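Trainee: give me coordinates for this.
(chains A, B, C, D, E, F, G and H, ligands or ions: 5)
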Amino acid sequence: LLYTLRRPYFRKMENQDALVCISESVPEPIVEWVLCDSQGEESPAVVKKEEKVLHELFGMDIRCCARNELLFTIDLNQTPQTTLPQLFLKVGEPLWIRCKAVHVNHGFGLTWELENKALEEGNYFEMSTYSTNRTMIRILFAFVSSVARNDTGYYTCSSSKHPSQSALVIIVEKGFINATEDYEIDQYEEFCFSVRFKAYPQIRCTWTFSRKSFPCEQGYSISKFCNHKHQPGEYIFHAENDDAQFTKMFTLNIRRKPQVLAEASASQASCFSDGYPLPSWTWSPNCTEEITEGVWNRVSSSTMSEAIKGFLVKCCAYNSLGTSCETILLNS
Amino acid sequence: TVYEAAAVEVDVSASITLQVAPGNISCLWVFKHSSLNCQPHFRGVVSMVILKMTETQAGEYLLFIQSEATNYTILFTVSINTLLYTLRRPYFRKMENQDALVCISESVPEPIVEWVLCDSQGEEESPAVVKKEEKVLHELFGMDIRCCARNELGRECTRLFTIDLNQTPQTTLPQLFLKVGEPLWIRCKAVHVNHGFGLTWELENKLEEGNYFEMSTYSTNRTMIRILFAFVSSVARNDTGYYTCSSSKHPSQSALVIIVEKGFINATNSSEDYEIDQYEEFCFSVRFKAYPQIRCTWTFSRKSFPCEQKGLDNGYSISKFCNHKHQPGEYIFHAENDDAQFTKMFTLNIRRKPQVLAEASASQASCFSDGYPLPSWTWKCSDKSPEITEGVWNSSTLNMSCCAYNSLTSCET
Amino acid sequence: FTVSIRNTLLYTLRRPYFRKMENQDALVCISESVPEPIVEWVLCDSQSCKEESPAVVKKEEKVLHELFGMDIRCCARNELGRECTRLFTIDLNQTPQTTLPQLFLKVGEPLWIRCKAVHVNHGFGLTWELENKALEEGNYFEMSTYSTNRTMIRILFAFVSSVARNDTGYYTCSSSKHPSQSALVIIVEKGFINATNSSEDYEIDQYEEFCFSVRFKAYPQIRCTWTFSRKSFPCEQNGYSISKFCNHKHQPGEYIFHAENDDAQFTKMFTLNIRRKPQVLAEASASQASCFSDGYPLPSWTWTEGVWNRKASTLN
Amino acid sequence: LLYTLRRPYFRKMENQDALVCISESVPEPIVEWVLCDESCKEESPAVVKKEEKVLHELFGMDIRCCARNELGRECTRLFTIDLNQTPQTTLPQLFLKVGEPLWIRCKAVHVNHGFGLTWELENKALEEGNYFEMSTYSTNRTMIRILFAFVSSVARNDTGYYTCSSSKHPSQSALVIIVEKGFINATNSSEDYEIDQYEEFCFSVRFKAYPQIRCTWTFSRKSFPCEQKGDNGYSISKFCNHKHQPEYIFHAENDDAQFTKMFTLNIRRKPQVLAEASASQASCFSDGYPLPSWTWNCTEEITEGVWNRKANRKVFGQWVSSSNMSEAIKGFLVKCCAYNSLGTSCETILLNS
Amino acid sequence: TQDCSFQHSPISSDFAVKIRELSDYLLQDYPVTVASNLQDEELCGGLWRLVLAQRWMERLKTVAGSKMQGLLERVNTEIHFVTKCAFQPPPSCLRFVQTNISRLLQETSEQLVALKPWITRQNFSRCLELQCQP
Amino acid sequence: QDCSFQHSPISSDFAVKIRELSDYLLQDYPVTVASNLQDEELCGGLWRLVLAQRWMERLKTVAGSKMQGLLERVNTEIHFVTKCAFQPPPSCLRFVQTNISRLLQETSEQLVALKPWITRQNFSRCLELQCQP
Amino acid sequence: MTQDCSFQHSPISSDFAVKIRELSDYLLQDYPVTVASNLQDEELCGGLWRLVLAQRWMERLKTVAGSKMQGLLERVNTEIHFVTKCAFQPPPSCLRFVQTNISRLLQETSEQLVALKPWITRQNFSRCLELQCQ
Amino acid sequence: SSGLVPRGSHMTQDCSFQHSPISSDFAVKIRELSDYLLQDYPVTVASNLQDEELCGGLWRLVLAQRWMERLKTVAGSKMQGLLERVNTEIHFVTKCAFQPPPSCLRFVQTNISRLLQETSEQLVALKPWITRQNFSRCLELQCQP
Ligand SMILES: *[C@@H]1O[C@H](CO)[C@@H](O[C@@H]2O[C@H](CO)[C@@H](O)[C@H](O)[C@H]2NC(C)=O)[C@H](O)[C@H]1NC(C)=O
Ligand SMILES: *[C@@H]1O[C@H](CO)[C@@H](O)[C@H](O)[C@H]1NC(C)=O
Ligand SMILES: *[C@@H]1O[C@H](CO)[C@@H](O)[C@H](O)[C@H]1NC(C)=O
Ligand SMILES: *[C@@H]1O[C@H](CO)[C@@H](O)[C@H](O)[C@H]1NC(C)=O
Ligand SMILES: *[C@@H]1O[C@H](CO)[C@@H](O)[C@H](O)[C@H]1NC(C)=O
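Mentor: Residues are numbered from 1 along each chain as shown, chains lettered A, B, ... in the order given. Ligands and ions are numbered 1, 2, ... in the order given. Right below this line is the structure:
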């Protein structure tokens, strides 16, 4: 039931007080209405009803899904989820905002309003039903057949026994992705790459690295990737919708622990190879502490001197995580 | 009155917190013979946090509330007892008053006793199976009836042994095993249209008065289901034998009862040592007949993985392991029940590919080193230009002071 | 064995009379006639065609039980013909009739006056007043039935076994939910025919539309006949009845109207109409005191040389 | 507008076992089904009318569609053959123009239901789509059965002798005559008649004609319609209001045929001899009779002197005429007589200047 | 205080005809009910049973065919006057016994005949409370 | 005695006589219908019509003067079943109480379904009413 | 002979009291049904005769019950349907019925089944086929 | 008078609904109750309610409401819930001080199926007017005569 081909739209059946799901696709898809008992979820405890025409519009999470393998709510009775919700849509799409309110007696009303102004007669409709003891729930929907710049603005619903809650409608262009890097970690740390983005419509995302591309678990939405497998390199996140694209390059590195086991010396010249992100080198009567000044100057390795006097000499790698060394003889 | 209850177990002298329409709903904590003030937060949550669980802390902790009621009282029992924990499988006992069963599962801590009745393969794994936590079941008709006990240790379940005369003739005479003293329960269900049919039990063929009883009910369009189950309070060697049920409109189905003096695990360990074939789709197997359902574990090197202890259509249960990952070595299967233990060692020798020479040594002579299960080397002199010669030595290495022979190698001298 | 249909030649047909059957509330039609007649009860609506059966109903039974209805009349028919007597009704629902009906009957005959009133519910009564005075116990009876919605029709009949001068007078019925309607009873000693006869002679032009008329108050219903020259034609016979005759055909002469009932007779002579005409003609030349000029002209002027003979249609 | 009133036709409703009346007209007409019971339907108290399109209760004695528009009233009666009933016209003839729909209903009543009905076109079976049978119960467990035979559009092919036989009744038959255009068959001949003076005489015309003809009896200029009444088979039209007035022409015509018959009439009366007249030296009498014949002591002898009789000098205009010089030689009183089938009459004239 | 009396007679003269006409289309053994324990007071007796018979004419109309509804209603009108009075609902102690509809109609006719000479002469105020037999 | 109809005993206006009887009937009058008649594609409707016919006679005995005529008129529509020597019901035949409206409706349905076959089938085996085993 | 009634195996189910309590939960307790007022005292046939009559009521009730009420009635009908296995003769003319609450009918039916449970398979009920009056 | 308004000397009759008390799913709660009811259970309907184009349906709903309460008292555990659920759909009539029925009001016995059907139709017809009309004159139930 993924959002493939043209996403579902809504239309109120002219005959009765009920909604109809119009999802476009080539081959026609499976149109199923799903009403959840709580705010959430897809867990098999809620109610799925494949009918294309829904009559029981009262309920917590109502959403229509188009499948075939090719509803914005304001609860005055409930606490606000976010500070001033934003509803984005492309010009031409149908706006649908359902306002629900629960009161003890039926003595209460619900009203929709724009920026301090009344709503059009063919842009509103209200339903009502009874709950628990003698409770009354009311749904006052507002709808736009085809949106335009004219219809963009702050919509609010107020009740004659409830606090006025609002939401702003943003309706411009045909598709956007708004999202705001190099990293390095020690071989022991648990890390996840992250990307926060506010984008519409629902984007198709892909986390690719070297050639191996893996999909993602997508106010804003945050996509994550944790199967790094401590493998270093460029992890590129490419996300795109119908009228917009995006790509973010993430560099990754490992701990600066130096391996100095690669000792080597040609006759009359010597050096050591250091496998560490940040190497820094150091070259008889003294107990292996006297520093040899040297003649020459010093994932990747690093390299040192030319012979003057023959003896055993130690050479060290230095990094954020201390030191490591190896000793070579200056003979031939 | 309204009063709620809950069981708590004190784990070490540690500091733990106990928490449980957002509005002005009055609160009052009532500790063990002492009062306690409140601090409510919000939906709505109140808490009582204890630092270092002392012998004084342990016991009665009540919490009374008042908002949409005169009294809304809760109570919690904090237990300090120390290590005498148990989880004895559920047993059955018919309620003395009427024709209904009761589940008696013993355990420390006390467990949740839930009855589960679900259709036996229609179309376990609760897709639409019915779970009913009641400890007393009255609707003993139909489906696969099994009771489950769940405490801090885990979940042990006992299924009610059924003989459906209405169901297909099973070409394998079922065996029922149980330890002396345990209660025997064998329910016989038969479905017939018209209600005109009787059911009869016989162990000595040719049963005790207080060992049999029958119930009956109607189904779909005037159908009739009859339950004639047999029960033994405490079994003994006397009660072991072949039990059969016959109906006056159905074919006589039977099952044999085997009494076990103690818990047992019988498993015929065969082959023991094995070898991989690079592409052979193999799975290690173990067939076993054991009374208490055994707890099994497949361990190797240090990595221990549990098992799919599935039952075979012969009486015994066959456990399998396929995630060998072509890794060679000792795969040990340790399985154990309430009064018995078992362990089987499975050796494995895959490799199947020769590994060539690598060492060049001036000391005595150069070395060989071969990674193949039992190689045979020859020392050779006829290399590039031209002989069999002797090589004395103290993967399979060889001092020569060499070519491998296998079934499916090369070197430079 | 001896009841033959061959007997005396007297024969009669006395109009039907009414008599209430024993205790039960039902009426009986007693019509006398030497050859016994067919006694048929007819119940009609707002009547008047006696040969129409889609609304009007005929029931030949001699004993009628369903006395509720608009026009109830009994009819006797036997060889001589068909004489009928209508049951006098007073409908308090029917609009106030600006006429005060008059009921005539010969001393000895039985008086019958049915008062029918229809009210929404049964809550209402009916009462007869013999000129604002009490009625005899054996002279009234009340029947009742339900109609259409929860409607109630009430009948309050008044009857006299044999009438006399004593019983003549103004009868009225009042209802305890309707306006009091009345009718006067006139007793007669022998049948009568009262007619003015104030148009013995008449005069009209050659193309005028005219009908001879006769207004008369007579009882019982008279047998009328308009005879002229030899040709006799029957007639199509406010309180009085007016008989008319229009087929004059501008023919002049004596048109005599003879009307008679069982105990009375009448005859009225209606003289010529005449019209205008010139009509000239010549008579015999061999004549003393004028030759004479005939040719009947017009009643206007009925008929150079002086001294003519006497003229009387023709001028001699 | 071209106003019309085409007679009703029949069509069985495709859905159920019921008939439908299709009458064409401009303006649209009143279509009323009338079931009389008796093959006459003279009056209207026993007769039952049901003005509704499509008749379902097809059982009954005289079923005829009927009624029309402002033009008048045109009716088509459903041809019936009652096997239970007495034979009507022995061998009935059914005439209809090619293209019209043939409809023949066969009704039979039997005590029990054990009986069948069958149609046959002269010892040969009928087509499946040319028949349909219905049945219902009557009085004390009686059963009535109707097996109609129908032709959608007739042709010469369909003309012939049709017979209905029942498996408990006598086989009655009727012949079907198909016609190419309307016809009027009547014994057309120049008929002359002569009444006496007061006798009751009626002019008659027997005719077998289809469709129903519009008739008119005209004389001099005064035209009066006719009682075109129809037991023989043909229809006989009559006219009796002659008023003893002495050419009565009968003009009858249908949609595709015409007819006219000339009837001469006379009044044989006893002669009137009262018209005596005599000029000087010439004397004669005038005789008014259809058959005059003259005769010319006092009035005892016949004189055969002077004559001047009136010969046939009135061809085609021979209706009413008087008749004769009787020249003076000797003066005296003389009698002159008229003679006819009904005796004699005379008058006497003097021979003077 | 609630009174019950008839100044003008509500019983029609042709009631026996409307009952014989209904009976002609009824299956005589159709089950109806009659009170088994009515106290039977010399003034209220027939009136109480007519109230009960009246209650049956309404119940029967609901299960009757198009034309049977008219016959029932026509008999209902003959005894509908009992509803002019505020008769209290039947007491808890009133028991009913199953009887033929022919028996119910016959009894109803008998009650109207006996009630005819007294319907306008008596005060039926005490009949409003239906009473149970000792 | 053999059982077949050469000529159709079912009239064309039977549904009218049943609607007319139903118009004067109290729809909830208790009659009975067979509860365990054997499943027989040929005798089924015929057996039920025989039983419905048996009810039309029983009803006539308790019907009023005018109701007797309506019953008899519907009785004539299904009286043909008596032309056959149908054996008395077996001991195993059980009846269930139903509304007279249901009996009349079913009778109409049985006649409709039987109409096209009444003259084409031999009903000799229907004379013995059978129960479902 | 007039014998043909006995049960070798008990037709009374163990969960019958549950199906009656489930029906009772959806019924209006005051709904009018009937019980025989004149059944002869017989000690063996008594409960069986009343169950036959209660059974006759479960069929009549199903015809006027709603979609879901039909199921509850039928489910209680199955509990006492065994009475139809025997050829019980139609009720006699002398049998009189008295109106009672459907709650009373259901309660009595439950009581009859309980008392009949220990005897249903031990007795010969051939003489019960003819219902008798007192 | 039990404490009348101190501003208007000519009474203070009030009965109107600012917000519609009739729910949109009322026909469902009635069909659900009807599914467990014996359709021929005897209830009553007013036989002589005065013809009043404004109060008519409201008076009958008040009466139907009075029946829902009486029925709950004789209903089984589960039937009580179905009745109460239908009672809530028409309980709003009690928000107004409807006077007790007059002595002239006569009732006729009818099937509970008929009562439920007409209650449904009364709510449907009342739905478009419940908030637009003043029902103050409906508080006194009136008889035909
Ligand atoms: C009796 O039934 C009829 C049909 O329902 C109705 O009668 C009409 O009632 C109105 C209002 O009173 C009058 O204006 C008509 O003149 C009545 N017509 C007839 C034919 O009676 C009414 O419902 C009922 N009541 C009355 C008084 O007739
Ligand atoms: C509402 O209903 C529930 C369930 O019956 C009940 O517990 C609660 O008390 C009711 N509320 C009120 C205010 O009565
Ligand atoms: C029953 O079992 C007990 C204990 O095993 C024994 O003493 C007794 O004899 C046995 N009896 C029978 C009948 O098996
Ligand atoms: C299990 O094995 C033991 C040991 O040989 C034997 O005594 C016992 O009978 C076996 N039991 C079963 C049921 O295999
Ligand atoms: C009739 O007149 C006589 C005269 O003596 C009188 O006695 C009688 O009372 C009058 N009334 C009636 C009704 O006879």
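
Trainee: which ones are touching residue 130?
Mentor: Using chain A. A:136, A:137, H:23, H:25, H:29, H:85, H:88, H:89 (Cβ atoms under 8 Å, 6 or more residues apart in numbering or on different chains). For every residue, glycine as well, the C-beta is placed using N, CA and C.

Trainee: not quite, go with chain E.
Mentor: Each residue near residue E:130 by Cβ under 8 Å, 6+ apart is listed here: E:38, E:48, E:51, E:87, E:88, E:90, E:91, E:94.

Trainee: hang on, the earlier thing: so which of the contacts of residue A:130 are in helices?
Mentor: Those of the contacts of residue A:130 mapping onto helices are H:29, H:85, H:88, H:89, per DSSP state H.

Trainee: and those as JSON lines, adding distance to residue A:305?
Mentor: Below are these laid out as JSON lines (distance: Cβ to Cβ, whole Å):
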{"residue": "H:29", "distance to residue A:305": "97"}
{"residue": "H:85", "distance to residue A:305": "96"}
{"residue": "H:88", "distance to residue A:305": "97"}
{"residue": "H:89", "distance to residue A:305": "99"}
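
Trainee: what's the burial count for residue A:180?
Mentor: A count of nearby residues for residue A:180, using other Cβ atoms under 10 Å in any protein chain shown, gives 8.

Trainee: wait, doesn't it sit right on residue A:194?
Mentor: No. Counting by Cβ atoms under 8 Å, residue A:180 does not reach residue A:194; the two are 10.7 Å apart.

Trainee: related to what we said a few turns ago, present the contacts of residue E:130 as JSON lines; the columns should include distance to chain F.
Mentor: Compiled in JSON lines, the contacts of residue E:130 are given as follows (distance: Cβ to the nearest Cβ, whole Å):
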{"residue": "E:38", "distance to chain F": "26"}
{"residue": "E:48", "distance to chain F": "25"}
{"residue": "E:51", "distance to chain F": "22"}
{"residue": "E:87", "distance to chain F": "26"}
{"residue": "E:88", "distance to chain F": "29"}
{"residue": "E:90", "distance to chain F": "23"}
{"residue": "E:91", "distance to chain F": "28"}
{"residue": "E:94", "distance to chain F": "24"}
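
Trainee: is it possible to mark the buried ones in these?
Mentor: Those of those that meet the buried threshold are E:38, E:48, E:51, E:87, E:90, E:94, by 16 or more other Cβ atoms under 10 Å in any protein chain shown.

Trainee: give the contact list for the first one.
Mentor: With Cβ under 8 Å, 6+ apart as the criterion, the residues that contact residue E:38 are E:45, E:48, E:49, E:94, E:130, E:131, E:132, E:133.

Trainee: if we use 6 Å, what do you get?
Mentor: residue E:48 (Cβ atoms under 6 Å, 6 or more residues apart in numbering or on different chains).

Trainee: what about the residue of the stretch 51-200 of chain A at minimum distance from chain E, how many neighbours?
Mentor: Proximity of the stretch 51-200 of chain A to chain E (Cβ to the nearest Cβ) peaks at residue A:134, 29.6 Å away. Neighbour count of residue A:134, defined by other Cβ under 10 Å: 15.

Trainee: and what of the one 3 residues further on?
Mentor: Close neighbours of residue A:137, defined as other Cβ under 10 Å, add up to 18.

Trainee: what pairs with it across the strands?
Mentor: Beta bridges link residue A:137 to residue A:102, residue A:129, judged by DSSP bridges.

Trainee: what's near enough to touch it?
Mentor: Contacts of residue A:137 by Cβ under 6 Å, 6+ apart are A:58, A:102, A:129, A:131.

Trainee: residue numbers of chain E in contact with chain C?
Mentor: Contact residues (Cβ under 6 Å from any Cβ of the partner chain) of chain E with chain C: E:8, E:10, E:12, E:13, E:14, E:77.

Trainee: and these, which two are the farthest apart?
Mentor: Using Cβ to Cβ, the residues of chain E next to chain C span at most 16.7 Å, a distance reached by E:8 and E:14.

Trainee: now the buried members of the residues of chain E next to chain C.
Mentor: By 16+ other Cβ under 10 Å, those give E:8, E:10, E:12, E:13, E:14, E:77 as buried.

Trainee: just those now: which is nearest residue A:96?
Mentor: residue E:77 (60.4 Å).

Trainee: which residue comes closest to that closest one once chain neighbours are left out?
Mentor: Nearest residue to residue E:77 in three dimensions, chain neighbours excluded: residue C:146, at 4.8 Å (Cβ to Cβ, 6 or more residues apart in numbering or on different chains).

Trainee: can you pull the contacts of the residue most central in space within chain E?
Mentor: The geometric centre of chain E, computed from its C-alpha atoms, lies nearest to residue E:50 (Cα atoms, centre = their mean), at 1.9 Å. Residue E:50 is in contact with E:79, E:82, E:111, counting by Cβ under 6 Å, 6+ apart.
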